[PDB]
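Undergrad: need a 3D model of the following:
(6 chains, ligands or ions: 12)
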Amino acid sequence: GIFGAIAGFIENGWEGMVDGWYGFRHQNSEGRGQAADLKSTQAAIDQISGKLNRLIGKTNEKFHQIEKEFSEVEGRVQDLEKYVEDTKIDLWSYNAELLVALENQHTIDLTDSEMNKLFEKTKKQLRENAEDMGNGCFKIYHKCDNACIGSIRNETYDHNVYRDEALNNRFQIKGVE
Amino acid sequence: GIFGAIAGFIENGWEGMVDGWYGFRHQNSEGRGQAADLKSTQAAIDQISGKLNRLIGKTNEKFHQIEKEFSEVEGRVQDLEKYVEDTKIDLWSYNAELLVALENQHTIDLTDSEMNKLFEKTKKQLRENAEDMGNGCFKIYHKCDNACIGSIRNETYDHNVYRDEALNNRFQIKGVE
Amino acid sequence: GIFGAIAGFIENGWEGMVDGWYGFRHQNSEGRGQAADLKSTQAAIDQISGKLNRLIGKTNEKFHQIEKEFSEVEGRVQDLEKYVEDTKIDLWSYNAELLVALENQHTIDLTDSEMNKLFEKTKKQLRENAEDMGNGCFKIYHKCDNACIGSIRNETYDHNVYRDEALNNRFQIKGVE
Amino acid sequence: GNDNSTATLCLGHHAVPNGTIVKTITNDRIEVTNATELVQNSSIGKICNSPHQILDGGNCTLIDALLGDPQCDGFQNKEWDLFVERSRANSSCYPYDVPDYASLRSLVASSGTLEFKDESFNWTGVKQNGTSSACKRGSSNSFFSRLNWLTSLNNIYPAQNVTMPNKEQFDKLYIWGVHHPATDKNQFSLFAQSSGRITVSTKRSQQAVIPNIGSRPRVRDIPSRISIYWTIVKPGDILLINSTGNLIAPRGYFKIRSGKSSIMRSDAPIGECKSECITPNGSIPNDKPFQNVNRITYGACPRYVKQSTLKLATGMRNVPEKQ
Amino acid sequence: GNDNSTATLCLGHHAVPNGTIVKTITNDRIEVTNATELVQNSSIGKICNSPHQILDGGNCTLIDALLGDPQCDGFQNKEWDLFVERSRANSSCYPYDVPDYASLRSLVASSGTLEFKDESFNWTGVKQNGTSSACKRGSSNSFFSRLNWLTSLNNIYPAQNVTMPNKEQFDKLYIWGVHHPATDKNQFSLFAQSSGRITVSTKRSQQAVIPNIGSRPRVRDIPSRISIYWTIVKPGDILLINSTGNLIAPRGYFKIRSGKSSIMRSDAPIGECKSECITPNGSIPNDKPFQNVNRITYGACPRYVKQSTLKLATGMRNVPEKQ
Amino acid sequence: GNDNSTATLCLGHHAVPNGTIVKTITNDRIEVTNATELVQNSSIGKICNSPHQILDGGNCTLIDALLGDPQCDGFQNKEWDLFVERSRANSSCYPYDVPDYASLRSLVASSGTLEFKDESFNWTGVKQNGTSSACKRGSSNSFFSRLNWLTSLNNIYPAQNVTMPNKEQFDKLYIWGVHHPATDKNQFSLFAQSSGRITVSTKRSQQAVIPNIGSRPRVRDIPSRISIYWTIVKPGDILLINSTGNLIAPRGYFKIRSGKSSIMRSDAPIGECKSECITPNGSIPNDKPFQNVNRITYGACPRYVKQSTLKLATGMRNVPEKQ
Ligand SMILES: *[C@@H]1O[C@H](CO)[C@@H](O[C@@H]2O[C@H](CO)[C@@H](O[C@@H]3O[C@H](CO[C@H]4O[C@H](CO[C@H]5O[C@H](CO)[C@@H](O)[C@H](O)[C@@H]5O)[C@@H](O)[C@H](O[C@H]5O[C@H](CO)[C@@H](O)[C@H](O)[C@@H]5O)[C@@H]4O)[C@@H](O)[C@H](O[C@H]4O[C@H](CO)[C@@H](O)[C@H](O)[C@@H]4O)[C@@H]3O)[C@H](O)[C@H]2NC(C)=O)[C@H](O)[C@H]1NC(C)=O
Ligand SMILES: *[C@@H]1O[C@H](CO)[C@@H](O[C@@H]2O[C@H](CO)[C@@H](O[C@@H]3O[C@H](CO[C@H]4O[C@H](CO[C@H]5O[C@H](CO)[C@@H](O)[C@H](O)[C@@H]5O)[C@@H](O)[C@H](O[C@H]5O[C@H](CO)[C@@H](O)[C@H](O)[C@@H]5O)[C@@H]4O)[C@@H](O)[C@H](O[C@H]4O[C@H](CO)[C@@H](O)[C@H](O)[C@@H]4O)[C@@H]3O)[C@H](O)[C@H]2NC(C)=O)[C@H](O)[C@H]1NC(C)=O
Ligand SMILES: *[C@@H]1O[C@H](CO)[C@@H](O[C@@H]2O[C@H](CO)[C@@H](O[C@@H]3O[C@H](CO[C@H]4O[C@H](CO[C@H]5O[C@H](CO)[C@@H](O)[C@H](O)[C@@H]5O)[C@@H](O)[C@H](O[C@H]5O[C@H](CO)[C@@H](O)[C@H](O)[C@@H]5O)[C@@H]4O)[C@@H](O)[C@H](O[C@H]4O[C@H](CO)[C@@H](O)[C@H](O)[C@@H]4O)[C@@H]3O)[C@H](O)[C@H]2NC(C)=O)[C@H](O)[C@H]1NC(C)=O
Ligand SMILES: *[C@@H]1O[C@H](CO)[C@@H](O[C@@H]2O[C@H](CO)[C@@H](O[C@@H]3O[C@H](CO[C@H]4O[C@H](CO)[C@@H](O)[C@H](O)[C@@H]4O)[C@@H](O)[C@H](O[C@H]4O[C@H](CO)[C@@H](O)[C@H](O)[C@@H]4O)[C@@H]3O)[C@H](O)[C@H]2NC(C)=O)[C@H](O)[C@H]1NC(C)=O
Ligand SMILES: *[C@@H]1O[C@H](CO)[C@@H](O[C@@H]2O[C@H](CO)[C@@H](O[C@@H]3O[C@H](CO[C@H]4O[C@H](CO)[C@@H](O)[C@H](O)[C@@H]4O)[C@@H](O)[C@H](O[C@H]4O[C@H](CO)[C@@H](O)[C@H](O)[C@@H]4O)[C@@H]3O)[C@H](O)[C@H]2NC(C)=O)[C@H](O)[C@H]1NC(C)=O
Ligand SMILES: *[C@@H]1O[C@H](CO)[C@@H](O[C@@H]2O[C@H](CO)[C@@H](O[C@@H]3O[C@H](CO)[C@@H](O)[C@H](O)[C@@H]3O)[C@H](O)[C@H]2NC(C)=O)[C@H](O)[C@H]1NC(C)=O
Ligand SMILES: *[C@@H]1O[C@H](CO)[C@@H](O[C@@H]2O[C@H](CO)[C@@H](O)[C@H](O)[C@H]2NC(C)=O)[C@H](O)[C@H]1NC(C)=O
Ligand SMILES: *[C@@H]1O[C@H](CO)[C@@H](O[C@@H]2O[C@H](CO)[C@@H](O)[C@H](O)[C@H]2NC(C)=O)[C@H](O)[C@H]1NC(C)=O
Ligand SMILES: *[C@@H]1O[C@H](CO)[C@@H](O[C@@H]2O[C@H](CO)[C@@H](O)[C@H](O)[C@H]2NC(C)=O)[C@H](O)[C@H]1NC(C)=O
Ligand SMILES: *[C@@H]1O[C@H](CO)[C@@H](O)[C@H](O)[C@H]1NC(C)=O
Ligand SMILES: *[C@@H]1O[C@H](CO)[C@@H](O)[C@H](O)[C@H]1NC(C)=O
Ligand SMILES: *[C@@H]1O[C@H](CO)[C@@H](O)[C@H](O)[C@H]1NC(C)=O
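TA: Residues are numbered from 1 along each chain as shown, chains lettered A, B, ... in the order given. Ligands and ions are numbered 1, 2, ... in the order given. Take a look at the structure below.
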């Protein structure tokens, strides 16, 4: 968690998602709904399954190799053959351990960043029409029906339409005393 | 793209640029202008060309080595010599592939972060005098000439001078009804 | 300096701190104080000493190995033994250099991000009660005594109590002309 | 919270009640919503004969077939991409040894071809096609099918001088032996010489073997041994056998080549699946990048690592609810 | 700037006036608040004898103790986990050589056990306990304690044909030699034969050595040499001695096993510490992941690297105050 | 959309119309505004003789120059940092072979010095300075310039006994040979002995070669061969040559040392450029970290990798406009 969008301001995870990885949750006067962002999850899918593509498909065809098991004990050259084969295993053991360590850490940071930028992208769209609780939620001060919630969902929301209305509900509290 | 400042909110690049990496574009009532930020590009240049310095210049002087081509077919000791040399090539092939992959990914994320922090630094300087359109472009509300943009361009801008002016254009829309 | 919370907007360091890594400095009408955030430094400490745990404790017990020093000059098989041992040293030299380089860079980025998210977490709590000067400092516009300053320190701050007071000192400058 | 007012819009990430543990650079124990395994730790248990040709060693070993053992009589001019010799192989002919057994076995396996074309060597004043009582094919005394036990005729063993030019375009393989007699009385009986000597040479390399008379422990009711050498003749070269006595003459040459063939010691039964790797434990799936079933592999096998488990994180961190 | 109406709250990070230099992927020179060293570059300067058993070679070498050199008379049936032979070792007995000295020395070191059980070889019509004037133990002529110099009795040297079958469950090690005489008169005086021959053969492998008569340079007032071979008898083989003469016969077998034992060349003052790694330079701490003191290591030692310094950042970037 | 009252200020990055493809950890195909190449894939095509000294092998090989072949008569006491022997080299003197050709060739190449200081061996009652009809220098019969074909004088070959101690402070290199005659008549005519024997020994190591009489195929109109051995005499040691017969005696010693010299097989012509690496393909630039032109390299050459192309990202992602 190098960005902070996972296990940071977000308390838990939404087990009720089957249509994507990252989604939204809203409640209006006309009802409550849920939907996921296809663009965000698709980007993280490419940068995760792509690592599988790099790992799988290596060409390392090897046919004839030195003997690695010995039924006898001869001396010097037998020791050298065992030492070479063992050294190759030891070097590749560290290569495998290092590779999985870097891939796992990068994957965790990649999904962490992919949702931190979704929060930033959404907040940029809403402008000063809303705010944040510090738990990932917003407060769209305009009287938003189902249409405008979905309009934000596929990245189309004219803030100037609800601009003067939201300012009343954010700054003009109790008629400024 | 682990920050989202490249191919993220910035939709497209600027092929009309030769004087820097990251810069500015602005249009006022007196005309449209463009100028680069020498500070931002220099930070990324040092942290990119430095990787070239680390790679180039390694000292690995080797003079006498085992035979690597054979006109004979000896047997046990000939197989071992081929196996050792082949194993060295195979291990170094993975080292080169892994190194170039990590360097390229880190370089791409490094330049991506450099624009993200330039946007963050610029936004901090402007305080609440302006906003963001969601495409990396701010909307300065002060009645500003060519003077401010150059002043912001080299990190010197007192928001208090234009503070009370930008407030009317941002919050006092249509005289708050 | 990937994120920018170290050597970025923060000008300098604080040699006057022994109770933590990341801290606060505040000035009120009743006095000036300083205290660190134990939660932030502990998160980085676990992810800093954990890298030491991975490196220390590897089991690589080796007892019998080929001869590595020679008092004579034999020929072909002597050359092969020297080539195998030297190749193992060269490969492990690159593995140690690459490992220490990746660990150090990730360490610097980790502490850089750990304080960037502390700035973000603090700013989220303050809501619109304050702003930023672009150097990691805020202006809590409320008439904050010592109690509320420390209330923010241990993550408990209801902005609604000081909401209408902060808006007066931030937007109603000189009675909007 | 919820209200009869403006809005609430939160964002989230999916999770599962039961995740998988993985290892990262900073956390030795961290939960991930989905992880995969990279190292193969199991085998089908049966060697598979596709696509690489696989020849079962049967009751004997490669060198036993290289000589003409009756137990290996079914290996007459057979090729293979992998000779799976079994641990239950037993020598069932005249006792023999090779001073460079490791070199000879690896060389023949690399060629992967037992093609044999006999050549009529010009032996004069000697008894050819010699047999022995320690190798009974069809209940009758015989010897190696690829070797020729020359024995003195009429108690006379004239010195030999033969040649065999190479007119083909490949390296011929002449395999010959030298007979070590158990007792001095034996040395006179078959060879009629106090002490024999052998010289097999070409234009590039020469060999010379003097028989070592001496009694040796009895195996298969034979106190003597035969030590078997080999020589390689390139195109444009010429072989020459001098052979004062005690020569187990060759019969032909083996067509030596180079390819993708090798040898392996295994006991898994032969099956009929399709696999790109063969190990002594058995054929393994070829999808996982690493494996730890066996260090000795043939084909496009994954790399061998000591770690038995390596979990790769495919999903994000698993942070459940409740509790 | 302070005031009397609002508040102010900034953020910071600790720093040290004097930091440490480290190396990263993008900065060859960068300051960090705290860093640690990863490579060990120093040793205690002395070997030590815990936890692995360590036997000091003393004044001789391992093979000298394998034969019965009076210099190593104190190594009678002694085991070790690491034989620390010294560079000042000097041979102090009958001159000898091994055609495969490297192979024999490594094999005995791997076993790590000098257990000896003498077997009563049945030598008939020959003088046993052959003594030489080049080895004084107790100011008296003697020879190797593990070898038996057979010499003709009454100027007659009958041929020898004896066996010693194996009943135990471990690989026996029969170490024998062949005496090369300096002059032909020496050959007749000791062995009463114009030319000798030696044959040591088992059911699996055979050997045959013909002595090479010839004058050789004088060392320790002896112009002759003894070349020492060795044979391994598996549990089920039968050793067979067959020689007309010139045989430096063995006296028994050295029990061969496999374990965590090896030889090492060193000159350090063996002590009483406890350490899991033993290098020729000395004993090194077993905590740092890498080291550069010596490439030759024994135990759970770290990995040798060429770099003499590797600093790992265990903190944050040190951007100080002032200036 | 432009206006008249307020202002507008956007941020951007530079890009190029035609970028370069690179490979990262997550994208096998991604565009970068500027990329460099890490692997060298081309050569200048000519070897270069600076800064390391490079000696052209010419018409013969190193060991041919080690013996005094008239084809390598111009290599009289010449040193080199890299001996570039050519594939067109042909032996043009008396036929010979080395039982350890691989060991001898590598040992002489490592020293990289053909310094010769002849020593006056005390051969008595023998015809020295032997000549053969298969080595014609200046249209006259001759032999190897570094060897001494001893032949019996007046049909008498008295047994030799000579010695040559070492006073210098370096390992001397004595190179001698053994003459194998083709026929028994040749053995008696040249050497007047039914069967010769050779013993070349020092205080540390001994050698003994028994000549192997036998006819061998004719090369350069000579049916016999010479097998060439070598011996090392460290300071404080004393060489002893017994040489009953059949000895191709040495003449002096080669000053053996250790350095940065080696041997290589190549056919590229020698040039005059400056380069820090030499490969059989030719000298290569020494700036790229990796290379794939040839696995066999000399000097500070870059590492060898199988991949022919490796692009390193030097700029940000190239995302153009339009379209
Ligand atoms: C130099 O020294 C060496 C070493 O000492 C010496 O060589 C020894 O020579 C002696 C003879 O002088 C050899 O002993 C002979 O071996 C012959 C065969 O006997 C063995 O084989 C029998 C058959 O087994 C086969 O067949 C059965 C099925 O029938 C099958 O299951 C088996 O697997 C195998 O294929 C076997 O039955 C027999 O075992 C019996 O005897 C042993 C020993 O007593 C006993 O332990 C068993 O329980 C069982 O009773 C054995 O293994 C054969 O020629 C001969 O036997 C005949 O002669 C003797 C003597 O006249 C009679 O008593 C006997 O009834 C037979 O008529 C005899 O046993 C010995 O093997 C040699 N040793 C070695 C190590 O090689 C040299 O001679 C010496 N001198 C010189 C100059 O070199
Ligand atoms: C074929 O050719 C070879 C090569 O030439 C040849 O071999 C040489 O043979 C000669 C004899 O023909 C050998 O010389 C003999 O060596 C014997 C011993 O002398 C050596 O040892 C002495 C003792 O040293 C021991 O003890 C002391 C303590 O006392 C201790 O410190 C030592 O470490 C060691 O343990 C030593 O003193 C002596 O050194 C003296 O002499 C040398 C040489 O002159 C001189 O440099 C020294 O300063 C010192 O004075 C030496 O190292 C011995 O048999 C013999 O000595 C007796 O005989 C001669 C002649 O009759 C008398 O003059 C003398 O007084 C004694 O009675 C003689 O010295 C020589 O070593 C051989 N060389 C080699 C290289 O092998 C073969 O014989 C030839 N023929 C055949 C058929 O092979
Ligand atoms: C045991 O068996 C072995 C194996 O069989 C046997 O060894 C053979 O012995 C015979 C003789 O008994 C050898 O044949 C002799 O070879 C001699 C030289 O002939 C060769 O060299 C000629 C010269 O070439 C040189 O010079 C030219 C320039 O002039 C140059 O270009 C060349 O490169 C090279 O430097 C060459 O011309 C000749 O080639 C002719 O002959 C061959 C074969 O017929 C033919 O193919 C060619 O087209 C060409 O016509 C050849 O290569 C020489 O001593 C001798 O020739 C004389 O004697 C014969 C017989 O009296 C006369 O007919 C002839 O006119 C000459 O006077 C003869 O040719 C043969 O090479 C041996 N083979 C091997 C493999 O070793 C042993 O003798 C047997 N016995 C014993 C006890 O060991
Ligand atoms: C490689 O192959 C060749 C070809 O076979 C072998 O060479 C033969 O070697 C054998 C011995 O192994 C030779 O046979 C004997 O050679 C001798 C010839 O005598 C010579 O010297 C006398 C001196 O007085 C002269 O009179 C005579 O003319 C010869 O110059 C004699 O020892 C033998 O001859 C006697 O015995 C025989 C017994 O049958 C009688 O018939 C004779 O009349 C005479 O009494 C005998 O001939 C043989 O000659 C060699 N052949 C050739 C063509 O040279 C090599 O030995 C072989 N090498 C190896 C290493 O295997
Ligand atoms: C290393 O070099 C040494 C030194 O040269 C060699 O030793 C010589 O070996 C040769 C044989 O190869 C010896 O020459 C012969 O030695 C014998 C000596 O006879 C002994 O036995 C008889 C028994 O009746 C005694 O009477 C006599 O005194 C001796 O004790 C004889 O076989 C020969 O002598 C006969 O023939 C010659 C022929 O010319 C006649 O002049 C004689 O009068 C006599 O009839 C012959 O002398 C030689 O003696 C050895 N030299 C020494 C100094 O010992 C090594 O062989 C050699 N080793 C190697 C491995 O190369
Ligand atoms: C010892 O072995 C040789 C061969 O090394 C034996 O030669 C054999 O001779 C017979 C003669 O009848 C050959 O049979 C014939 O072969 C062909 C078909 O293969 C054809 O002409 C006839 O139909 C007949 O079958 C036999 O092939 C041949 N063996 C080999 C391997 O070619 C020889 O008889 C044996 N004995 C002696 C004393 O040499
Ligand atoms: C974004 O998604 C919402 C629904 O998730 C879409 O809203 C619908 O818009 C259509 C016209 O395009 C109306 O007829 C429907 O009544 C709307 N549905 C609801 C539930 O309000 C919206 O159009 C989407 N926008 C785009 C550009 O695809
Ligand atoms: C940043 O650059 C701008 C110009 O791009 C500078 O503005 C100029 O300031 C000087 C005095 O320093 C005036 O005389 C010019 O008239 C200004 N030019 C314009 C176009 O307004 C500004 O000073 C620079 N700031 C710094 C800190 O160097
Ligand atoms: C956060 O820390 C501050 C002090 O740094 C705490 O404030 C104290 O609160 C107690 C009651 O809990 C009062 O009696 C003290 O007078 C307060 N001290 C000061 C200096 O004002 C505050 O309670 C802490 N908050 C939490 C949630 O632990
Ligand atoms: C309050 O909620 C009721 C339904 O319970 C709804 O009809 C009404 O419009 C809401 N009032 C406001 C002001 O949103
Ligand atoms: C409109 O633009 C003109 C110049 O074309 C300028 O003088 C005027 O001030 C601008 N008016 C406003 C309201 O921005
Ligand atoms: C550049 O890219 C274009 C496509 O954008 C391609 O058609 C063209 O061949 C490339 N090269 C040049 C030199 O224009």
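
Undergrad: center of chain D - which residue?
TA: For chain D, the residue nearest the mean C-alpha position is residue D:263 (3.1 Å; Cα atoms, centre = their mean).

Undergrad: what's near enough to touch the closest residue to that one other than its chain neighbours?
TA: Distances taken as Cβ to Cβ, 6 or more residues apart in numbering or on different chains put residue D:109 closest to residue D:263, at 3.7 Å, once the chain neighbours are dropped. Any C-beta I mention is one placed from the backbone N, CA and C, and that applies to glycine too. Each residue near residue D:109 by Cβ atoms under 8 Å, 6 or more residues apart in numbering or on different chains is listed here: A:64, D:62, D:83, D:261-263.

Undergrad: can we see that at 7 Å?
TA: D:62, D:83, D:261-263 (Cβ atoms under 7 Å, 6 or more residues apart in numbering or on different chains).

Undergrad: and what of residue A:5?
TA: Listed by Cβ under 7 Å, 6+ apart, the contact partners of residue A:5 are A:112, A:115-116, A:119.

Undergrad: if you set the cut-off to 10 Å instead, what comes out?
TA: Shown in contact with residue A:5 (Cβ atoms under 10 Å, 6 or more residues apart in numbering or on different chains): A:22, A:111-120, A:136, C:117, D:11, D:13, D:316.

Undergrad: closest to ligand 9 among those?
TA: residue C:117 (20.3 Å; Cβ to the nearest ligand atom).

Undergrad: at the contact with chain F, which residues of the stretch 101-250 of chain D appear?
TA: Residues of the stretch 101-250 of chain D lying near chain F by Cβ under 10 Å from any Cβ of the partner chain: D:159, D:161, D:163, D:165, D:197-210, D:237-244.

Undergrad: same question but for chain A, I mixed them up
TA: Checking chain A against chain F by Cβ under 10 Å from any Cβ, the hits are A:46-51, A:53-54, A:59, A:102-103, A:106-107, A:110.

Undergrad: make TSV from those and add distance to ligand 4, secondary structure and neighbour count to it.
TA: Listed next are those as TSV, based on distance: Cβ to the nearest ligand atom, whole Å; DSSP: H, G, I helix; E, B strand; the rest coil; neighbours: other Cβ atoms under 10 Å in any protein chain shown:
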residue	distance to ligand 4	secondary structure	neighbour count
A:46	77	helix	12
A:47	76	helix	20
A:48	75	helix	22
A:49	73	helix	11
A:50	71	helix	15
A:51	69	helix	20
A:53	67	helix	12
A:54	65	helix	18
A:59	53	coil	6
A:102	68	helix	18
A:103	68	helix	23
A:106	73	helix	23
A:107	74	helix	25
A:110	77	helix	21
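
Undergrad: going by distance to chain B, which of the residues you listed wins?
TA: residue A:110 (6.5 Å; Cβ to the nearest Cβ).

Undergrad: go ahead and confirm that closest one touches residue A:44.
TA: Yes. Here residue A:110 reaches residue A:44: they are 6.7 Å apart, a contact under Cβ atoms under 10 Å.

Undergrad: any shared contact partners between the two?
TA: With Cβ under 10 Å, 6+ apart, residue A:110 and residue A:44 have common neighbours residue D:316.

Undergrad: go ahead and confirm residue D:149 touches residue D:133.
TA: No. Using Cβ under 10 Å, residue D:149 makes no contact with residue D:133, being 11.9 Å away.

Undergrad: who's more crowded, those two?
TA: Neighbours of residue D:149 and residue D:133, each counted by other Cβ atoms under 10 Å in any protein chain shown, are more numerous for residue D:149; the result is 20 against 13.

Undergrad: OK, contacts around the closest residue to the more buried one other than its chain neighbours?
TA: Counting by Cβ to Cβ, 6+ apart, residue D:149 lies nearest to residue D:130, which is 3.1 Å off, once chain neighbours are set aside. Counting by Cβ under 10 Å, 6+ apart, residue D:130 makes contact with D:141-143, D:147-151, D:179, D:190, D:248-249.

Undergrad: stretch D:276-286 near chain B at all?
TA: No. Judged by Cβ under 10 Å from any Cβ, stretch D:276-286 makes no contact with chain B; its nearest approach is 16.4 Å.

Undergrad: distance from the chain centre to that stretch, please.
TA: Between the centre of stretch D:276-286 and the centre of its chain there are 17 Å (Cα atoms, centre = their mean, to the nearest Å).

Undergrad: could you do stretch D:214-232 as well?
TA: 22 Å.

Undergrad: where's the residue nearest to the centre of chain D, which helix or strand?
TA: Following DSSP states H and E, one finds residue D:263 within strand D:262-265.

Undergrad: that strand: partners in the sheet, and parallel or antiparallel?
TA: Within its sheet, and counting by DSSP bridges, strand D:262-265 is paired with strand D:82-85 (parallel).

Undergrad: can you give me the strands in the stretch 151-300 of chain D?
TA: For the stretch 151-300 of chain D, the strands defined by DSSP state E, counting those that start in this stretch cover D:151-152, D:162-165, D:172-180, D:198-201, D:206-209, D:225-233, D:238-241, D:247-250, D:252-254, D:262-265, D:270-271, D:277-278, D:290-291, D:298-299.

Undergrad: got those as TSV, with distance to residue F:54 columns?
TA: What follows is these, written out as TSV (distance: least, Cβ to Cβ, whole Å):
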stretch	distance to residue F:54
strand D:151-152	59
strand D:162-165	41
strand D:172-180	39
strand D:198-201	37
strand D:206-209	34
strand D:225-233	34
strand D:238-241	38
strand D:247-250	46
strand D:252-254	43
strand D:262-265	40
strand D:270-271	56
strand D:277-278	46
strand D:290-291	45
strand D:298-299	43
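
Undergrad: what is the neighbour count of residue D:224?
TA: For residue D:224, using other Cβ under 10 Å, the count is 21.

Undergrad: separation between the nearest residue to residue D:72 once chain neighbours are set aside and ligand 9?
TA: Nearest in space to residue D:72, with sequence neighbours left out and distances taken as Cβ to Cβ, 6+ apart, is residue D:65 at 3.8 Å. Distance, residue D:65 to ligand 9, using Cβ to the nearest ligand atom, to the nearest Å: 85 Å.

Undergrad: from residue E:215, how far off is residue D:65?
TA: 50 Å (Cβ to Cβ, to the nearest Å).

Undergrad: so which of those two has more stuff around it?
TA: residue D:65 (25 against 17).

Undergrad: secondary structure element for the more buried one?
TA: Short version: residue D:65 belongs to helix D:62-67, going by DSSP H and E.

Undergrad: tell me which strands and helices that helix is in contact with?
TA: Packing contacts for helix D:62-67, counted by 3 or more Cβ pairs under 10 Å, 6 or more residues apart in numbering or on different chains; DSSP states H and E, involve strand D:82-85, strand D:96-97, helix D:101-111, strand D:172-180, strand D:225-233.

Undergrad: one more time with 6 Å
TA: helix D:101-111 (3 or more Cβ pairs under 6 Å, 6 or more residues apart in numbering or on different chains; DSSP states H and E).

Undergrad: need the contact list for the closest residue to chain C within chain A.
TA: For chain A, the residue closest to chain C is residue A:134, as judged by Cβ to the nearest Cβ, at 3.7 Å. Going by Cβ atoms under 6 Å, 6 or more residues apart in numbering or on different chains, residue A:134 touches A:9, C:124-125.

Undergrad: distance of the residue in the stretch 1-150 of chain D that ligand 7 sits nearest to from residue A:42?
TA: For the stretch 1-150 of chain D and ligand 7, the shortest gap (Cβ to the nearest ligand atom) falls at residue D:9, measuring 13.5 Å. Distance, residue D:9 to residue A:42, using Cβ to Cβ: 21 Å.
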